[PDB]
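Take a look at the structure below.
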Amino acid sequence: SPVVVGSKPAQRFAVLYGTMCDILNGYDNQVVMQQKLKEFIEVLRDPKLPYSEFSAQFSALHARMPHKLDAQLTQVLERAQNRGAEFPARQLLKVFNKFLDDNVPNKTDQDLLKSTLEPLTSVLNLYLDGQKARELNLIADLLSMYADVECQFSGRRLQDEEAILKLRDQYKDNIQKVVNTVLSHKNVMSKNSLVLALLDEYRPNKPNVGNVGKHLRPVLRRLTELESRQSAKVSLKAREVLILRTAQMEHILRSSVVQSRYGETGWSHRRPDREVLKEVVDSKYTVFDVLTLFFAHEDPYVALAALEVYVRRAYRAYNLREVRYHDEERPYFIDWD
């Protein structure tokens, strides 16, 4: 059977969410939850996925309604794929609205186009905030899926499912909803372990209390409410979480290394010029915040340059004197007085 040129990451993303969701819903499809979750995080972290999702759906939607829109979308995708890495989700959202519901006369003869381009509109809205934002949105949905079902069981002294079923009688929609929620609660043991694994993966929230922290804050606070014996351990673990220039200087270091001076090719050997690195030593910023990793993991000359920058900025009130770099075993030996 034939396949799309770029649809392999899209085909593996869709199944991994489905496999985890089945455990949350209460479906019999059991699997090695650890391996699939690792695979799920890996696919959400690759930037090919937004393009892969678009390419899989758009291939069948090429010869759909007015091609004028279909062709302009393709040009933006192809340019952004090779040139750059981030998906043009924000640009693609703008062009869909401008043609579908907006261009009522030419583009949409009758109000039909909104339904046709709906999967595309769902894709550029999911990535509108960004790639890692998509990674955080889905994690939140899994946590929320767990809480939505479990909250009623942790509800106002109702420990009985049959009493809860007779309580569910209030809603007409509950006709099919009743059995679904009960099915999910029966397989809570597997559900708890999935959430625990999801919480363990996002446990290094200690440094990133901002971006991933605030994003997980609402779903986490609802989980802490689940005092019930079954969810008691997960509530404790959840609570643990709630309790919880670089480039600019690199260029200056490298510009002192090799001074262009048109006419000669080999300026690599030439020592770093004082005036070149004078800009940094006379600055006001806490230069020393980043510097600590530049005498590190760089060219032994760039490591030398970083050492010099440090001396001329750390002992400023002191007088300027001769600098000597020696090479023995370890490329480090600097000398000043």
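Ordered as shown in the structure tokens, chains take letters A, B, and onward, while each chain numbers its residues from 1 and ligands are numbered from 1 in the order shown.
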Can you pull out the residues contacting stretch 8-18 of chain A? Cut-off 10 Å, using only C-alpha atoms, and skip same-chain residues under 5 positions away; I want them as a ChimeraX atom specification. /A:3,23-24,29,36-44,46-57,138-139,142
Fewer than 2 positions away in the same chain doesn't count, so skip those; otherwise give me all residues within 9 Å of residue A:198, counting only C-alpha atoms, as a ChimeraX atom specification. /A:37,139,142-143,193-196,200-203
Using C-alpha atoms, can you export the residues from the last selection as a PDB file, in the first residue's frame?
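Ended up saving to out14.pdb:
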```
ATOM      1  CA  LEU A  37       5.583   7.345  27.489  1.00  0.00           C
ATOM      2  CA  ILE A 139       0.324  16.417  29.283  1.00  0.00           C
ATOM      3  CA  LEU A 142      -3.993  13.507  30.385  1.00  0.00           C
ATOM      4  CA  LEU A 143      -3.937  14.897  33.976  1.00  0.00           C
ATOM      5  CA  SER A 193       0.612   4.355  37.618  1.00  0.00           C
ATOM      6  CA  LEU A 194       0.297   6.287  34.266  1.00  0.00           C
ATOM      7  CA  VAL A 195      -0.243   9.644  36.058  1.00  0.00           C
ATOM      8  CA  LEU A 196       2.653   8.825  38.474  1.00  0.00           C
ATOM      9  CA  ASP A 200       7.852  11.763  37.565  1.00  0.00           C
ATOM     10  CA  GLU A 201       8.815  13.020  34.046  1.00  0.00           C
ATOM     11  CA  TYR A 202       7.831  16.643  34.895  1.00  0.00           C
ATOM     12  CA  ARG A 203       9.306  16.458  38.492  1.00  0.00           C
TER      13      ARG A 203
END
```
Using only C-alpha atoms, which of the listed residues (A:65, A:188, A:252, A:209) sits closest to residue A:116?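 Of A:65, A:188, A:252, A:209, the one nearest residue A:116, counting only C-alpha atoms, is A:65.
Distances here use only C-alpha atoms; by that measure, the residue among A:74, A:319, A:228, A:286 closest to residue A:151 is A:228.
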Separation of atom CA of residue A:331 from atom CA of residue A:245 in Å: 25.5 Å
For residue A:229, find every residue with an atom within 10 Å (counting only C-alpha atoms), except residues of its own chain fewer than 5 positions away, and show them as a PyMOL selection string. chain A and resi 154+234-235
